[PDB]
Structure formats: structure tokens, C-alpha cells
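**Q** I have a structure here, written as C-alpha cells, and I will follow up with some questions on it.
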Amino acid sequence: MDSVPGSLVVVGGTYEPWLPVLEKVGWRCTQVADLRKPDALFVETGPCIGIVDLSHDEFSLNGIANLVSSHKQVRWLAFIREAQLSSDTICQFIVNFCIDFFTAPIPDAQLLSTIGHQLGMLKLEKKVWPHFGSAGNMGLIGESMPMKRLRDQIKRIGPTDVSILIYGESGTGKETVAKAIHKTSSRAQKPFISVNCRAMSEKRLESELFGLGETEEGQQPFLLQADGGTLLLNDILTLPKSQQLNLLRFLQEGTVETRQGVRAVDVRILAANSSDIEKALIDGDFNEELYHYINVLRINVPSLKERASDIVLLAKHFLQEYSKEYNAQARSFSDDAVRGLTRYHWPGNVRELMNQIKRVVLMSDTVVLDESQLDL
Amino acid sequence: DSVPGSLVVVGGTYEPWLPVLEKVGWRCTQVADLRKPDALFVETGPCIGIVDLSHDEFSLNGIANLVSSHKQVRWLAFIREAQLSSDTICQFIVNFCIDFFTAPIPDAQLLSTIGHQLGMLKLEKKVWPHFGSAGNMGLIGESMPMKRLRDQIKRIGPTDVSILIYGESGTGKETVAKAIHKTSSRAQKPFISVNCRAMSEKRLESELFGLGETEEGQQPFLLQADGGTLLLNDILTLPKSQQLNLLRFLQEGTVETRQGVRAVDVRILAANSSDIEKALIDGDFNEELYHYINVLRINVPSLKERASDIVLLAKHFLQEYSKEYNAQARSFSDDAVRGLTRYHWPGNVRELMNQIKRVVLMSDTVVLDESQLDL
Ligand SMILES: Nc1nc2c(ncn2[C@@H]2O[C@H](COP(=O)(O)OP(=O)(O)OP(=O)(O)O)[C@@H](O)[C@H]2O)c(=O)[nH]1
Ligand SMILES: Nc1nc2c(ncn2[C@@H]2O[C@H](COP(=O)(O)OP(=O)(O)OP(=O)(O)O)[C@@H](O)[C@H]2O)c(=O)[nH]1
């Protein structure tokens, strides 16, 4: 009265031999013949077992590899059937995490042994899947097309727990993106701690990996508080060599120093950056070993220049937000302002946008804001 | 013949299942740090790896990183934990992890899961018993990041699937393309590099097969690469329309010929040097297309990283170029070597040949000094 689905892709539907030994033991085994079809089929079945009939048969090895990872990266669990082809390329093709294979004969009792191992995996996949989506909560800034690509990504790079380098132009949303992945992560209910490295002397930074005072003092390093959760370093290259070390050191031992004794913690480390990373690297101004520990995954937060259509939704949102907050009169932009609001280049991007609107709202006395009330 | 399978834990007291692997004759090696196994895993290449999380002593950031820190295919992942773990970070088995160890000791099932995976490690081990052995000249140089490159190339080469070749400018992407094509079962078959940067979209049109004012007798690169392997360097340079046709071909497996459309069989490699992520978000490169070629990736390290290769590379290029241009030069002074490595080398290995080519064509000595180089 309890089981899980496991489908297979093959031309010859006469390739029964392994279907009934799964059917009569209770499997929801589905079968696809095309290469177009099983792509559609898998996006819908979610977590399942997927057998690929290489055999002596068909399908482009590229197309299969594509399919295997397309977006079916784990809710797929790879399995492959073949006509005893232990020789050429085909064997190397099981680098594509195809965990196991089917010999030509039909080992009825032995078959379930290999396939069964994955059941615990498919069951916990169905268990960790209800994270799903949630409209990304308005996408925390705006939502168009580079933003949709961003939104989609944040969802898929969130859960991993690996370090991510969040880079983009200055004042784009990098920190808000950090929070966005921290709440998508499996450590969302746990603390989040942004840190502005730029505005800290090398001695101030010291007070972050061991703290300061000779006594408890109520100090406690930033790493101690971020336990379980996620710490963020904005402008990460700004760090002094002495501190980059400690960052790396911590990234290996998973330990901080406290006045109440050295204690180990567990903090997912994210880094923000806006300056030329390569130039700092090649010159030897930023530890490369540190860079690699942090560049495990990358996310690019697009400048407003890229999401031009987003400005108007952003401006309107900021107006509605600031006006209703400051008792202000303004309720909308004149068509003049809008058609002018996109023409602006916006160096500081979303930051420069909110700040300038904050100024305009706090000053402008009309209900409709015109282009002349804006930039000047 | 071998059986490499390592596991990382401080507390070696998680024996219970170790002798059941040890006494049947398996090479179980064990690391305590998280720093040590990073070094250990980047060099050991393909193996089986058990991670003893338990309730014990590793940062989930540190572990997830390690599990993903470029050990992406070279390492078939495994994890051990106490009966009552779960709930919180089951997500760590998004990193495939193949399977995991319950607290009890299923003696026969233990070997069942591991042995089946050992057999999988055994199939790499089938074309593997060369074991390191430096490599087939490495078609440019030889240090240790390079050995790792060969290690990859060796194991991802034969797989007839597409590879995305990324590295800095002038690193070896094309020479690597050729190198993986020479590992492929289509090595004796054509190889076709394509400089996409220096081709307008209309020249690109006449290749898939496109149009052009024809009236023609042309055979597209895909038509010529039939059976063999086609390479596109600087793939990001492609206009969407071409990205489409590339994608289109990557789905249909067909080209157009002047005498009517015929289908071919071409392994597609792509080289890249620009920030691929930024290009993706902005919408400058078709994402479904990206997935067809980013099925596997290979990273060619800049000279900056492999400094010890500079001296070995420089010597080879002097050696070849001098013998070609009747030149006098035979070696570099110690002055030159310790100065030749100090350079940052943006253009890397190509920039290395060119500057040396320049010096040879100029210098009249047999020994080149540091003052004869950069100047
Ligand atoms: N909830 C929370 N907000 C913070 C924290 N630290 C800074 N902030 C706020 O985060 C805001 C930044 O949001 P934005 O106005 O969108 O600027 P931004 O584009 O995200 O800035 P960048 O990430 O550098 O590109 C600032 O007003 C900060 O005051 C923090 O620790 N917790
Ligand atoms: N030794 C050798 N070199 C070749 C051959 N065919 C082409 N080459 C050159 O060797 C170069 C490849 O090595 P590199 O000098 O590192 O150039 P590259 O790194 O591939 O250039 P990028 O891909 O843009 O980074 C090509 O640019 C070719 O100009 C060959 O048959 N033998």
C-alpha cells in the first residue's frame, strides 16, 4: 500500500524483461519512446527512478546526457540498460552519474537489489521537495526577464548551502539577493548577518573572527552569532590580508574564538563584490585560495541598464512606498516623468533610484510628479 | 588493479563498517581535517568517498563546499550518519551522494551498495590502469594543475557528449579541444576549429547552412565535420539567430547542403573566455542551448596559477622557434628564468610564445638575458 514511480525510456516496447519484475512488485513504471517526449514527462513526474535504454539501440549520447542533467538533476536518479557493450566510449558515458547498469540476461531476484538501494533516496527527495516556489515574494526588487532568470536561479542555488559569490554593479541588490537565497536555503529560520567590510579598519575586522576585549565584555564575534545561518561579506576584496587569512582559516576548521573559550560554529559564507576581481587577483592583492573557496557558485545581479522595463515598476513601487509612509501627497508619475525615468542611465542603479525618489517625494508638493520635479 | 575509496572523519571510532570493508580487502583511506581532504581529493581524481557527518564534527558549509568544490564528476559521493540525523539537512543529498549509511551495519547490503559503486569506479579503472603517468605530452606543458587537466580530459574525453571549454585568453582551449578529440572515438575523424569572433552573422549563416546569394557549391562546416568534431571558439560571440541554429542542429542533428538537407553526426565543443553568468542573466546566450553544451566542463588554468610551467614552456618555444628561423639562441640565462616567471601573463601561453618568438627573431646571442626579453 506504499510505493513510488520509476519510468524508463526505450524505442522497443518489446523490451519488457525488467518491467514486470518491477510491475508485479509494485512500481509505477511509465515508458517513453521519443527524445522530445521524455523531457516533458520528467518535468511532471518529479522525483522518480529513470532508466535509459542505451542498449545497442538508439538516442544521441549528447541528447541523453542533456536529458540526464537538463533540469532533472537529482529528481531523476540515473539508471541505464545495455546489450553488453563493455568496450568503447559508451562505458565512459557512465561518468554521467548513471549509478548502475543492466546486463543482457534477466536476473529476476538480483535486479531488485540494485534498484532498491535508490528507494531511500527517492523517498527523501519526495520529503525535501515541498520547498517548491512561492512567487519569490515579488522577487524582492522587481520582476521582468533578466530578473526572472535571476529569480529562477536564486531558487536553485539557495538550498545547496555552498558558498556563493554575489557580484554586480554597485547598489544593485546583491545584499537583498543574499537574504533571498538565505531564506530559500534549508537554514532559513536561522540568523542572517550582513557585514560591511569596506568601513572597518584591520583592527575592527580582527574583532570579527575572535572579537576583542580581554574579558567577556558582551562582545562575541560576528561568526558566533551567525551560527546555523548565513553571514554576508559585502565588498569582500576590501579585506586586509590578515583577515582574508582568518576567513580562509575559519572556512577550514569551522571555528571562531570567543572570550568564553574557542568555540566552533556553522556559517554559510556569502561574498559580495563590485570591483575588478581579476585585476585584484593577478596583481596578487587578493588570496586566490580564498577566492576559490568562495566562488563555488556565482550569481550576477543585473544593473538597471539591463532591466530597463523594470525601472517604471520600481519607481512606481518606491513612490507608493515613500508617499504612503511620509504622509506625502504624490500618487503617480506624469507620462512625462515615466518616459524620462527610463532615459536616465542610473549608475547607482536601484539605490540611486530609491534615494532620488525619496528626495522627490519629500520635496514635491503635487499629486502627480512631473519630469521637472525629478532630476533637477 | 586497485580499489581506491577514501572517507573523511576525525573520529576514526566510526570503525563498525570499516573492517567490514577492510577485511574483505578494500583500500579505505581516512582524513581528519577538512583542509587535508580538499588537497587529497583534487589530486586523487576518480574514487569513492564516504562522508561521516553523523551528529559529529564538520561544517555543512565546509562539507557542501568540498563535495562540490570541483569534485563534480571525479568523485562518486557517499555519506555516513547516526540513525537519528535527517530532517534538518537532508538537502545535502541534493549533491547526488548516491546513498547513505544507517547506524546499524547491513553487512551484505553494505558491500552491495558500495561494491556496485566500486564496480562503477572499476569501469573508469578499466581505461585507467595507466594511472596518472603524467600524460600524453599534455600537448603544451606539464606541472600539477595540468596533470589534473589531463586527469579530467582522460575521463571526460571519450564520452561522445559535448564539453564546454572555459579558460582565460590564450590558455590552450583549442589545443585542449584537439586533445579531447584525440581521446574520443572519432579522433581519426575530422577536427574543425572555428573562429566565431572574426565572422559576421552572415558568414555564420552560410554554415548551418543558411542562405547567402546562392547559387552555390558550398559545404558547411557541419557538413565537413561529419563523423568528426566541430569546435566553436568564443561561443558567446554568436548572435542569437546563430545560437538558435546551433541549438536547432543540436536537437535535429541535421545540416543543409546545396543538393538538399542531409543529417550528420558531429560532437560539438565550445570555447569561452568571457563571464558566462553575466551573459546568461542579460539574455545574450540562449539558456536551453547553454545546457546542451555545458553538459560537461573543462577548465584550463592561466599561467598566473601554474607559474612553474612558465620556465618549462618558455624553454620549449625557444627550442622550436630558434630551430625554425636559423636563429642563434639556445637557452635562457638564470637571470631570464627568474624574471620570465615574475610576469603576470594576461595572454598566458599564447602571449608567451609571441614574446619569445619576437626575441628569437631579434637577439643575436646564444644565451638570452633578462634584458633581451621584455624590452
Ligand atoms: N534586514 C537587514 N537589512 C540590512 C542589513 N544591513 C544593511 N541592510 C539594508 O539593506 C539595504 C540595502 O538595500 P538596497 O537599497 O536595495 O541597496 P542594494 O542594491 O541592495 O545594495 P548592494 O547589495 O550593495 O547592491 C540598506 O538600506 C541597508 O540599510 C541587515 O543586516 N539586515
Ligand atoms: N603545436 C601545435 N600548435 C597548433 C596546431 N594547430 C594550431 N596550433 C596553434 O596552437 C594554438 C593553440 O594553443 P594556444 O597558443 O594556447 O592558443 P589557445 O589558448 O588555444 O587560444 P584560445 O583558445 O583563444 O585561448 C592555436 O591558436 C593555434 O594557433 C598544431 O597542430 N600543433
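Naming works like this for the C-alpha cells: A, B, ... for the chains as they're shown, residue 1 at the start of each chain, ligands 1 onward in shown order.
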Dump as a list in words the residues of chain A that approach chain B to within 6 Å, counting only C-alpha atoms.
**A** residues 62, 66, 89, 92, 93, 146, 149, 161, 162, 252, 254, 266, 268 and 300 of chain A
**Q** Counting only C-alpha atoms and all ligand atoms, name the residues that have an atom within 9 Å of an atom of ligand 1; the answer should be given as number ranges by chain.
**A** A: 140-141, 166-179, 192-196, 232, 234-235, 272-274, 301, 348-355
**Q** Write a file of the selected residues as a tab-separated table (two decimals), in the first residue's frame, keeping N, CA and C atoms.
**A**
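Generated file (part25.tsv):
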```tsv
chain	number	residue	atom	x	y	z
A	140	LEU	N	11.55	40.41	-4.44
A	140	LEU	CA	12.26	41.30	-3.53
A	140	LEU	C	12.77	42.63	-4.11
A	141	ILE	N	12.82	42.75	-5.43
A	141	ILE	CA	13.03	44.06	-6.05
A	141	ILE	C	11.93	44.33	-7.07
A	166	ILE	N	28.23	36.73	-4.81
A	166	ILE	CA	27.19	37.59	-5.36
A	166	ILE	C	27.82	38.88	-5.87
A	167	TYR	N	27.94	38.98	-7.19
A	167	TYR	CA	28.58	40.15	-7.80
A	167	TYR	C	27.63	40.89	-8.73
A	168	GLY	N	27.84	42.20	-8.83
A	168	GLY	CA	27.07	43.06	-9.71
A	168	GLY	C	27.60	44.47	-9.56
A	169	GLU	N	27.04	45.42	-10.30
A	169	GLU	CA	27.47	46.80	-10.14
A	169	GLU	C	27.09	47.28	-8.74
A	170	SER	N	27.59	48.45	-8.36
A	170	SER	CA	27.36	48.96	-7.01
A	170	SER	C	25.91	49.36	-6.80
A	171	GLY	N	25.33	48.92	-5.69
A	171	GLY	CA	23.96	49.28	-5.36
A	171	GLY	C	22.94	48.68	-6.30
A	172	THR	N	22.98	47.36	-6.46
A	172	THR	CA	22.11	46.69	-7.42
A	172	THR	C	21.08	45.81	-6.72
A	173	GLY	N	21.48	45.24	-5.58
A	173	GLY	CA	20.60	44.36	-4.83
A	173	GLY	C	21.31	43.14	-4.27
A	174	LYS	N	22.63	43.13	-4.40
A	174	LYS	CA	23.47	41.99	-4.01
A	174	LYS	C	23.17	41.47	-2.61
A	175	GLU	N	23.02	42.38	-1.66
A	175	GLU	CA	22.74	42.00	-0.29
A	175	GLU	C	21.32	41.45	-0.15
A	176	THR	N	20.37	42.09	-0.82
A	176	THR	CA	18.98	41.62	-0.80
A	176	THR	C	18.87	40.25	-1.47
A	177	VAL	N	19.78	39.97	-2.40
A	177	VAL	CA	19.84	38.67	-3.05
A	177	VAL	C	20.37	37.62	-2.07
A	178	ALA	N	21.39	38.00	-1.31
A	178	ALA	CA	21.91	37.16	-0.24
A	178	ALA	C	20.81	36.68	0.71
A	179	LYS	N	20.00	37.63	1.20
A	179	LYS	CA	18.85	37.32	2.04
A	179	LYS	C	17.86	36.43	1.30
A	192	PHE	N	20.53	35.65	9.92
A	192	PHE	CA	21.25	36.20	8.78
A	192	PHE	C	22.05	37.42	9.24
A	193	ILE	N	23.30	37.52	8.81
A	193	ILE	CA	24.17	38.61	9.26
A	193	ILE	C	25.01	39.20	8.12
A	194	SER	N	24.55	40.31	7.56
A	194	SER	CA	25.34	41.10	6.62
A	194	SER	C	26.51	41.81	7.32
A	195	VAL	N	27.63	41.98	6.62
A	195	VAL	CA	28.78	42.68	7.17
A	195	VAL	C	29.43	43.59	6.13
A	196	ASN	N	29.52	44.88	6.45
A	196	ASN	CA	30.15	45.85	5.57
A	196	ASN	C	31.64	45.96	5.82
A	232	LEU	N	27.14	37.39	5.50
A	232	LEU	CA	27.42	38.00	4.21
A	232	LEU	C	28.56	39.00	4.31
A	234	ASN	N	29.90	42.02	2.21
A	234	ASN	CA	29.81	42.96	1.11
A	234	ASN	C	31.15	43.64	0.89
A	235	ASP	N	31.49	43.90	-0.37
A	235	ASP	CA	32.81	44.41	-0.73
A	235	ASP	C	33.88	43.52	-0.08
A	272	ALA	N	29.95	39.53	-1.40
A	272	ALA	CA	29.57	40.49	-2.43
A	272	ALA	C	30.79	41.24	-2.95
A	273	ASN	N	30.76	41.60	-4.23
A	273	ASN	CA	31.88	42.29	-4.87
A	273	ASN	C	31.39	43.14	-6.04
A	274	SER	N	32.06	44.26	-6.30
A	274	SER	CA	31.65	45.16	-7.39
A	274	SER	C	32.84	45.64	-8.23
A	301	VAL	N	23.85	39.83	-10.35
A	301	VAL	CA	22.72	40.71	-10.16
A	301	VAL	C	22.81	41.82	-11.21
A	348	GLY	N	24.09	54.28	-9.97
A	348	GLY	CA	23.90	53.65	-8.68
A	348	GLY	C	22.73	52.69	-8.68
A	349	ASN	N	22.10	52.56	-9.84
A	349	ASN	CA	21.01	51.61	-10.06
A	349	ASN	C	19.86	51.77	-9.08
A	350	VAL	N	19.45	50.67	-8.47
A	350	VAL	CA	18.25	50.63	-7.64
A	350	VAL	C	18.42	51.52	-6.40
A	351	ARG	N	19.65	51.62	-5.89
A	351	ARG	CA	19.95	52.54	-4.79
A	351	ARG	C	19.73	54.00	-5.18
A	352	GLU	N	20.41	54.43	-6.25
A	352	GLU	CA	20.24	55.78	-6.78
A	352	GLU	C	18.78	56.10	-7.10
A	353	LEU	N	18.01	55.07	-7.45
A	353	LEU	CA	16.60	55.23	-7.77
A	353	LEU	C	15.75	55.53	-6.54
A	354	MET	N	15.92	54.74	-5.48
A	354	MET	CA	15.14	54.96	-4.27
A	354	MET	C	15.49	56.30	-3.64
A	355	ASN	N	16.79	56.59	-3.55
A	355	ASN	CA	17.27	57.82	-2.92
A	355	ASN	C	16.73	59.06	-3.61
```
**Q** Run DSSP on the backbone and grab whatever in stretch 100-231 of chain B lands in strand (DSSP E or B); send it over as number ranges by chain.
**A** B: 100-101, 163-167, 191-195, 229-231
**Q** Could you write those residues out with N, CA, C and O atoms, as a PDB file, in the first residue's frame?
**A**
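This is the output file out.pdb:
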```pdb
ATOM      1  N   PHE B 100      23.365   6.535   1.491  1.00  0.00           N
ATOM      2  CA  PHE B 100      23.844   6.848   2.834  1.00  0.00           C
ATOM      3  C   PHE B 100      23.790   5.664   3.807  1.00  0.00           C
ATOM      4  O   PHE B 100      23.145   4.652   3.539  1.00  0.00           O
ATOM      5  N   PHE B 101      24.475   5.811   4.940  1.00  0.00           N
ATOM      6  CA  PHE B 101      24.631   4.729   5.911  1.00  0.00           C
ATOM      7  C   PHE B 101      23.801   4.907   7.167  1.00  0.00           C
ATOM      8  O   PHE B 101      24.057   5.812   7.956  1.00  0.00           O
ATOM      9  N   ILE B 163      31.373  19.166 -24.611  1.00  0.00           N
ATOM     10  CA  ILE B 163      32.073  19.774 -23.490  1.00  0.00           C
ATOM     11  C   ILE B 163      32.207  21.285 -23.693  1.00  0.00           C
ATOM     12  O   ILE B 163      32.504  21.751 -24.789  1.00  0.00           O
ATOM     13  N   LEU B 164      31.937  22.048 -22.636  1.00  0.00           N
ATOM     14  CA  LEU B 164      32.210  23.479 -22.646  1.00  0.00           C
ATOM     15  C   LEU B 164      33.593  23.761 -22.088  1.00  0.00           C
ATOM     16  O   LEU B 164      33.839  23.582 -20.896  1.00  0.00           O
ATOM     17  N   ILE B 165      34.486  24.210 -22.963  1.00  0.00           N
ATOM     18  CA  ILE B 165      35.862  24.502 -22.585  1.00  0.00           C
ATOM     19  C   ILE B 165      36.054  25.959 -22.173  1.00  0.00           C
ATOM     20  O   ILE B 165      35.978  26.868 -23.003  1.00  0.00           O
ATOM     21  N   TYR B 166      36.280  26.185 -20.882  1.00  0.00           N
ATOM     22  CA  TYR B 166      36.490  27.541 -20.403  1.00  0.00           C
ATOM     23  C   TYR B 166      37.894  27.718 -19.838  1.00  0.00           C
ATOM     24  O   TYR B 166      38.444  26.816 -19.206  1.00  0.00           O
ATOM     25  N   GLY B 167      38.440  28.912 -20.046  1.00  0.00           N
ATOM     26  CA  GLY B 167      39.727  29.303 -19.505  1.00  0.00           C
ATOM     27  C   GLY B 167      39.993  30.738 -19.911  1.00  0.00           C
ATOM     28  O   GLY B 167      39.222  31.323 -20.672  1.00  0.00           O
ATOM     29  N   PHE B 191      38.627  17.271 -37.521  1.00  0.00           N
ATOM     30  CA  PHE B 191      38.533  18.269 -36.458  1.00  0.00           C
ATOM     31  C   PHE B 191      38.426  19.633 -37.121  1.00  0.00           C
ATOM     32  O   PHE B 191      39.158  19.926 -38.062  1.00  0.00           O
ATOM     33  N   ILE B 192      37.514  20.468 -36.642  1.00  0.00           N
ATOM     34  CA  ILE B 192      37.298  21.764 -37.263  1.00  0.00           C
ATOM     35  C   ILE B 192      37.128  22.858 -36.222  1.00  0.00           C
ATOM     36  O   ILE B 192      36.058  23.042 -35.650  1.00  0.00           O
ATOM     37  N   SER B 193      38.219  23.563 -35.967  1.00  0.00           N
ATOM     38  CA  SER B 193      38.187  24.781 -35.179  1.00  0.00           C
ATOM     39  C   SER B 193      37.472  25.879 -35.967  1.00  0.00           C
ATOM     40  O   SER B 193      37.548  25.918 -37.193  1.00  0.00           O
ATOM     41  N   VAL B 194      36.768  26.761 -35.267  1.00  0.00           N
ATOM     42  CA  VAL B 194      36.090  27.880 -35.917  1.00  0.00           C
ATOM     43  C   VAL B 194      36.246  29.152 -35.095  1.00  0.00           C
ATOM     44  O   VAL B 194      35.854  29.196 -33.929  1.00  0.00           O
ATOM     45  N   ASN B 195      36.818  30.186 -35.707  1.00  0.00           N
ATOM     46  CA  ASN B 195      36.983  31.465 -35.034  1.00  0.00           C
ATOM     47  C   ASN B 195      35.727  32.305 -35.223  1.00  0.00           C
ATOM     48  O   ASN B 195      35.592  33.040 -36.200  1.00  0.00           O
ATOM     49  N   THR B 229      34.562  16.109 -35.196  1.00  0.00           N
ATOM     50  CA  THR B 229      34.286  17.003 -34.082  1.00  0.00           C
ATOM     51  C   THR B 229      34.424  18.463 -34.494  1.00  0.00           C
ATOM     52  O   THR B 229      35.465  18.866 -34.997  1.00  0.00           O
ATOM     53  N   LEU B 230      33.385  19.261 -34.275  1.00  0.00           N
ATOM     54  CA  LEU B 230      33.475  20.687 -34.569  1.00  0.00           C
ATOM     55  C   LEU B 230      33.692  21.514 -33.296  1.00  0.00           C
ATOM     56  O   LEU B 230      33.122  21.220 -32.244  1.00  0.00           O
ATOM     57  N   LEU B 231      34.527  22.545 -33.410  1.00  0.00           N
ATOM     58  CA  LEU B 231      34.843  23.433 -32.295  1.00  0.00           C
ATOM     59  C   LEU B 231      34.466  24.874 -32.604  1.00  0.00           C
ATOM     60  O   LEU B 231      34.816  25.406 -33.654  1.00  0.00           O
TER      61      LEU B 231
END
```
**Q** At a cut-off of 6 Å, can you tabulate as a Markdown table every residue of chain B near ligand 2 together with its closest atom pair and the distance in Å to one decimal, using only C-alpha atoms and all ligand atoms and ordering rows by chain then number?
**A**
```
| residue | atom | partner | partner_atom_place_in_ligand_line | distance |
| --- | --- | --- | --- | --- |
| B:169 | CA | ligand 2 | 25 (O) | 4.3 |
| B:170 | CA | ligand 2 | 25 (O) | 3.1 |
| B:171 | CA | ligand 2 | 19 (O) | 3.4 |
| B:172 | CA | ligand 2 | 19 (O) | 3.1 |
| B:173 | CA | ligand 2 | 23 (O) | 4.0 |
| B:174 | CA | ligand 2 | 20 (O) | 3.9 |
| B:175 | CA | ligand 2 | 12 (C) | 4.7 |
| B:349 | CA | ligand 2 | 16 (O) | 5.1 |
| B:350 | CA | ligand 2 | 15 (O) | 3.9 |
```
**Q** At a cut-off of 12 Å, using only C-alpha atoms, what residues contact stretch 354-370 of chain B? Leave out same-chain residues fewer than 4 positions from it and give the result as a ChimeraX atom specification.
**A** /B:170,310-311,313-343,345,347-350,374-375
**Q** So, with only C-alpha atoms as the atoms that count, which of B:43, B:201, B:107, B:234 lies closest to residue B:20?
**A** B:107
**Q** Which residues in stretch 153-325 of chain A does DSSP call helix (DSSP H, G or I)? List them as a count of residues only.
**A** 67
**Q** Go through A:241, A:259, A:311, A:305 one by one, measure the shortest atom-to-atom distance of each to residue A:215 using only C-alpha atoms, and give the residue with the smallest value.
**A** A:259
**Q** Check which residues of stretch 127-180 of chain A sit at most 6 Å from stretch 275-297 of chain A using only C-alpha atoms, and return one row each with the closest pair of atoms and their distance in Å to one decimal, ordered by chain and rising number, as a tab-separated table.
**A**
```
residue	atom	partner	partner_atom	distance
A:163	CA	A:294	CA	5.3
A:164	CA	A:297	CA	4.7
A:165	CA	A:295	CA	5.3
```
**Q** Keeping C-alpha atoms, export the residues of the selection given above as a PDB file, in the first residue's frame.
**A**
```pdb
ATOM      1  CA  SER A 163      29.359  29.499  -0.685  1.00  0.00           C
ATOM      2  CA  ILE A 164      28.170  31.889  -3.388  1.00  0.00           C
ATOM      3  CA  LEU A 165      29.882  34.947  -4.852  1.00  0.00           C
TER       4      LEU A 165
END
```
**Q** For the atom pair atom CA of residue A:17 and atom CA of residue A:86, what is the interatomic distance in Å to one decimal place?
**A**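 Value for the atom CA of residue A:17-atom CA of residue A:86 distance: 20.3 Å.
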**Q** Using only C-alpha atoms, determine which residues lie at most 10 Å from residue A:104, disregarding the query and same-chain residues fewer than 5 positions distant; provide the list as a ChimeraX atom specification.
**A** /A:17,55,81-85
**Q** With C-alpha atoms retained, could you export that selection as an mmCIF file, in the first residue's frame?
**A**
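As a result, selection20.cif now contains:
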```cif
data_model
loop_
_atom_site.group_PDB
_atom_site.id
_atom_site.type_symbol
_atom_site.label_atom_id
_atom_site.label_comp_id
_atom_site.auth_asym_id
_atom_site.auth_seq_id
_atom_site.Cartn_x
_atom_site.Cartn_y
_atom_site.Cartn_z
ATOM 1 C CA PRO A 17 12.236 -8.228 -19.362
ATOM 2 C CA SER A 55 21.491 -0.956 -25.402
ATOM 3 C CA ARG A 81 20.183 -0.588 -19.699
ATOM 4 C CA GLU A 82 22.526 -2.032 -22.320
ATOM 5 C CA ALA A 83 23.326 -5.034 -24.541
ATOM 6 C CA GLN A 84 26.730 -5.887 -23.016
ATOM 7 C CA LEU A 85 28.714 -3.051 -24.610
#
```
**Q** Could you give me, as a PyMOL selection string, the residues within 8 Å of residue B:103, counting only C-alpha atoms and dropping anything in the same chain fewer than 5 positions from it?
**A** chain B and resi 81-83
**Q** I'd like the contact shell of residue B:199 - 12 Å cut-off, only C-alpha atoms, skipping same-chain residues fewer than 4 positions apart - returned as a PDB file with N, CA and C atoms, in the first residue's frame.
**A**
```pdb
ATOM      1  N   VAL B 194      36.768  26.761 -35.267  1.00  0.00           N
ATOM      2  CA  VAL B 194      36.090  27.880 -35.917  1.00  0.00           C
ATOM      3  C   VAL B 194      36.246  29.152 -35.095  1.00  0.00           C
ATOM      4  N   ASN B 195      36.818  30.186 -35.707  1.00  0.00           N
ATOM      5  CA  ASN B 195      36.983  31.465 -35.034  1.00  0.00           C
ATOM      6  C   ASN B 195      35.727  32.305 -35.223  1.00  0.00           C
ATOM      7  N   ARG B 203      28.320  35.357 -42.482  1.00  0.00           N
ATOM      8  CA  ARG B 203      29.283  34.283 -42.710  1.00  0.00           C
ATOM      9  C   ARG B 203      28.861  33.088 -41.873  1.00  0.00           C
ATOM     10  N   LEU B 204      28.425  33.371 -40.649  1.00  0.00           N
ATOM     11  CA  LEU B 204      27.883  32.349 -39.766  1.00  0.00           C
ATOM     12  C   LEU B 204      26.647  31.706 -40.382  1.00  0.00           C
ATOM     13  N   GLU B 205      25.848  32.510 -41.080  1.00  0.00           N
ATOM     14  CA  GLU B 205      24.675  31.991 -41.777  1.00  0.00           C
ATOM     15  C   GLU B 205      25.036  30.904 -42.774  1.00  0.00           C
ATOM     16  N   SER B 206      26.107  31.108 -43.537  1.00  0.00           N
ATOM     17  CA  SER B 206      26.468  30.180 -44.610  1.00  0.00           C
ATOM     18  C   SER B 206      27.081  28.877 -44.108  1.00  0.00           C
ATOM     19  N   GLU B 207      26.781  28.518 -42.862  1.00  0.00           N
ATOM     20  CA  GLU B 207      27.385  27.353 -42.220  1.00  0.00           C
ATOM     21  C   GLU B 207      26.376  26.369 -41.617  1.00  0.00           C
ATOM     22  N   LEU B 232      33.752  25.504 -31.680  1.00  0.00           N
ATOM     23  CA  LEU B 232      33.476  26.928 -31.770  1.00  0.00           C
ATOM     24  C   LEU B 232      34.180  27.674 -30.644  1.00  0.00           C
ATOM     25  N   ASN B 233      35.218  28.423 -30.990  1.00  0.00           N
ATOM     26  CA  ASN B 233      35.888  29.281 -30.020  1.00  0.00           C
ATOM     27  C   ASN B 233      35.152  30.601 -29.872  1.00  0.00           C
ATOM     28  N   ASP B 234      35.144  31.137 -28.655  1.00  0.00           N
ATOM     29  CA  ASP B 234      34.371  32.331 -28.328  1.00  0.00           C
ATOM     30  C   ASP B 234      32.927  32.151 -28.772  1.00  0.00           C
ATOM     31  N   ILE B 235      32.204  31.312 -28.044  1.00  0.00           N
ATOM     32  CA  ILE B 235      30.878  30.899 -28.462  1.00  0.00           C
ATOM     33  C   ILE B 235      29.883  31.990 -28.084  1.00  0.00           C
ATOM     34  N   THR B 237      30.211  35.009 -28.551  1.00  0.00           N
ATOM     35  CA  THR B 237      30.203  35.976 -29.642  1.00  0.00           C
ATOM     36  C   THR B 237      29.051  35.765 -30.628  1.00  0.00           C
ATOM     37  N   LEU B 238      28.500  34.556 -30.646  1.00  0.00           N
ATOM     38  CA  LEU B 238      27.424  34.219 -31.568  1.00  0.00           C
ATOM     39  C   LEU B 238      26.174  35.058 -31.334  1.00  0.00           C
ATOM     40  N   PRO B 239      25.554  35.524 -32.428  1.00  0.00           N
ATOM     41  CA  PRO B 239      24.247  36.186 -32.373  1.00  0.00           C
ATOM     42  C   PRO B 239      23.156  35.155 -32.113  1.00  0.00           C
ATOM     43  N   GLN B 242      22.158  32.629 -34.599  1.00  0.00           N
ATOM     44  CA  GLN B 242      23.113  31.555 -34.817  1.00  0.00           C
ATOM     45  C   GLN B 242      23.043  30.584 -33.648  1.00  0.00           C
TER      46      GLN B 242
END
```
**Q** Please list as JSON, numbers by chain every residue within 8 Å of residue A:372, counting only C-alpha atoms and excluding residues in the same chain fewer than 3 positions away.
**A** {"A": [337, 375, 376]}
**Q** B:4, B:19, B:104, B:190: which is nearest residue B:45, counting only C-alpha atoms?
**A**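 Of the candidates, the smallest distance to residue B:45 is held by B:4.
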**Q** Could you check how far atom CA of residue A:24 sits from atom CA of residue A:9, in Å to one decimal?
**A**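 For atom CA of residue A:24 relative to atom CA of residue A:9, the distance reads 19.4 Å.
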